[PDB]
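The lines below spell out each chain.
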Amino acid sequence: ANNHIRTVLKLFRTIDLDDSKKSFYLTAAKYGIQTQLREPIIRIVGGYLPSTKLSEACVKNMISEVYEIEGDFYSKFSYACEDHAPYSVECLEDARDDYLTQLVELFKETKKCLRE
Ligand SMILES: [Br-]
Ligand SMILES: [Br-]
């Protein structure tokens, strides 16, 4: 219900990816989080009855893993980019598929623990 939506949106708003990173990188990283995690989780918890207990521990662990997954994306976009110059669109594109794959796997695991 809308109480669960509020709780989940507030937790997603705590995600700080470092807004001084390249604008086009942040656009991609945030869009992946939005489309692979925030929107599908909001769809799920919006359907709960208002009295249903949502596992905040489950959502908070999901948030923690987003930082790890985005940090990996950023390293491969920048200094650890192998085949192209750091910050190049090739580096972003070359790392983006795996970033999204990791977010999809995190979504699948998070779904299992959402209900307390
Ligand atoms: Br949403
Ligand atoms: Br329910």
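Method information in the entry identifies X-ray crystallography as the source of the structure, with 1.5500 Å recorded as the resolution.

Of the voids in this model, the largest pocket is the one considered here, and its volume is about 220 Å³. Lining the largest pocket we find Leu9, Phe12, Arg13, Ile15, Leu17, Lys30, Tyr31, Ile33, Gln34 and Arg38. Secondary-structure elements contributing two or more residues to the lining of the largest pocket are α1 (2-13) and α2 (23-46). Element by element, the count of residues in the lining of the largest pocket is highest for α2, at five residues. When its residues are assigned to classes, the lining of the largest pocket shows six nonpolar, one polar and three charged.

A few words now on a negative patch on the surface. Together, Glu82, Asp83, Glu90, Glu93, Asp94, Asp97 and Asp98 make up a region of like negative charge exposed at the surface. Turning to its location among the elements, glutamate 82 is positioned in the loop between α3 (56-77) and α4 (89-113). A relative accessible area of 52% means that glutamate 82 is categorised as exposed.

What follows is about the environment of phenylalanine 107. Along the chain, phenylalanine 107 turns up in helix α4. Separated by 67 residues in the primary sequence, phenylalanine 107 and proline 40 place their C-alpha atoms 8.2 Å from one another. Once residues within four sequence positions are removed from consideration, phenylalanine 107 is found in contact with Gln36, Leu37, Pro40, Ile41 and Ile44.

Within this structure, the stated rule accounts for four salt bridges. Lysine 30 is paired through a salt bridge with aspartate 19; the nearest N and O atoms lie 3.1 Å apart. With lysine 30 in helix α2 and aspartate 19 in the loop between α1 and α2, this residue pair connects regions lying 11 residues apart in the sequence. Under the relative-accessibility criterion, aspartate 19 is labelled exposed at 56%. Here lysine 76 and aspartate 72 are joined by a salt bridge, their closest N and O atoms 2.8 Å apart. One end of the pair is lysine 76 and the other is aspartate 72, both in helix α3 and four residues apart, which spans about a single turn. Judged by relative accessible area, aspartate 72 falls into the partly exposed class, the value being 25%.

Rules used in this analysis
Residues numbered from 1 in each chain as written, not as in the entry; some residues may be left out. Chains lettered and ligands numbered in written order. Heavy atoms only, no water. 1 Å grid on protein atoms, 1.4 Å probe; cavity = no way out; pocket = protein on both sides within 12 Å on 5 of 7 lines; lining within 4 Å. Points joined across faces, edges and corners; volume = space filled by probe spheres on them. Helix = DSSP H or I, 4+ residues; strand = E, 2+ residues; numbered from the N terminus. Nonpolar A, V, L, I, M, F, W, Y, C, P; charged D, E, K, R; others polar. Patch = residues over 30% accessible without salt bridge, like charges linked within 9 Å, V, L, I, M, F, W, Y side chains within 5 Å. Areas by Shrake-Rupley, 256 points an atom, 1.4 Å probe, with all protein chains shown as cover. Salt bridge = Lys/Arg side-chain N within 4 Å of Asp/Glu carboxyl O. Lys, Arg positive; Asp, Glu negative; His and termini not counted. Charge placed at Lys NZ, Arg CZ, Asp CG, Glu CD. Buried < 20%, exposed > 50% of the residue type's maximum accessible area, 1.4 Å probe, protein only. Contact = heavy atoms within 4.5 Å.

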